[PDB]
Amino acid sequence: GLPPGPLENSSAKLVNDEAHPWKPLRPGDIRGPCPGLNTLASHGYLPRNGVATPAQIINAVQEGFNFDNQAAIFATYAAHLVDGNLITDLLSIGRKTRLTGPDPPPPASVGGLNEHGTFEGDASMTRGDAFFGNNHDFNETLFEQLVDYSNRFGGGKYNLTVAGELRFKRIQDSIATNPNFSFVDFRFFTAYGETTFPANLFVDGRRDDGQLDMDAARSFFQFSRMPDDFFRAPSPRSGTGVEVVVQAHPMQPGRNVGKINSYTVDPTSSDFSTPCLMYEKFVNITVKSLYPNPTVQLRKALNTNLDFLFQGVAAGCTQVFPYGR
C-alpha cells in the first residue's frame, strides 16, 4: 500500500483511551528493541502480536505518538527493506518469525528488528549490545544508569542534557568492553536521534516540556505501557534537539577493530556533514548486498519500497537506483 500522509489533526489528545488499552503479552506476541513500536503494539495501535505492514507502522507512530510523517516514512521503509518481507509486506518489530511468510533467498535474512547490524545496533540506552548476548530485551542495569544520569544531569528527569551525557557514556562503555563495537553509517545517525525520542515523544503532550519522569520512562521502556491518561505530543516531531546531544560530546563514526579500546575512525562512513551519503550507502551497499540479484517479483517490490524510502529523505538528495528505473 501507499505510505500514509501526515495527520489531518495533529493536536495533543488522549491516546491511552478505551479503544487502545494496554494488554499483557500472549504466547507468540513479539516485542523488540524499540520502546515506541512495542508500546503501540501493546496498546493495539499495531497488531498486538508485533507483526505489521509498513502502512500500519506509519499510521501507528503518527496516531499514537505524533511522530512526524517524513521521519516515519524513512525509518519504516528502511527497517522494512533490511528486516521485513518485501513480498508479503510484513515486518516483525522483534525476533525473526515465520509469521512474515516465505523467506527470500539469502543473503537476505528477514530477521525482524532484532537483526543486529541492519537497523538495530550498538550503544543503545536500555538494551545491551548484541555481542553481550541480547540486543532487544529491556535491561534493568542499563535503565538504572539512565535513572542515575537523569538524577545527575536532569534534576531527576530525562531531558536533552541527560541524553547528551548518556549517549556518550554508552559509546565509551561499548568501546571499553565490546571488541566488535560498530558505530558507523546508519547506526551513527539513529543512535543520536533515538536519544531525543523519550524527551520529545514520551512526555505527556499537555506539558511537552522535554522533561520525562522516571515512572513514565520505566512504563514505556520496560512495560511498553503508556501512563494512565497519557496525551500524545501536541504537534508532529521526531528528533528535534539532536544538535544538543551531539554538541555535548561530538564523535566521529568508527568501530573497534576486534579488540577493546581500539576505536578506529572510518573515513568511508557518512557523518552529520554528509546526510545524503548515509542514504546512498544504505541503498547501494546495505539493501543491495541483501538482494544482489533479485528475481522478478522481488525486484519490483524492492523498487516500490525504495521509492517510498526516498519520500522520507530530506530534500536536497538525489535518488539512487540499484535495480534501474
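All residue numbers refer to positions in the sequence shown, first residue = 1.
Of the two segments, 96-104 and 109-117, the one listed with the higher mean B-factor is 96-104 (C-alpha atoms only).
Just going by the entry, 254-262 versus 290-298 on mean CA temperature factor gives the higher value to 290-298. Comparing the listed residues 276, 51, 34, 40, the entry records the largest Cα B-factor for 276. The top Cα temperature factor in the record, among 178, 88, 135, 224, falls on 88. Among the modelled residues of the chain, residue 148 sits in the middle third by CA temperature factor in this PDB entry.
Residue-level temperature factors show residue 207 in the highest third of its chain, judged at the C-alpha atom. When the modelled residues of the chain are ordered by C-alpha B-factor, residue 269 sits in the middle third. Among the modelled residues of the chain, residue 70 sits in the highest third by CA temperature factor in this PDB entry.
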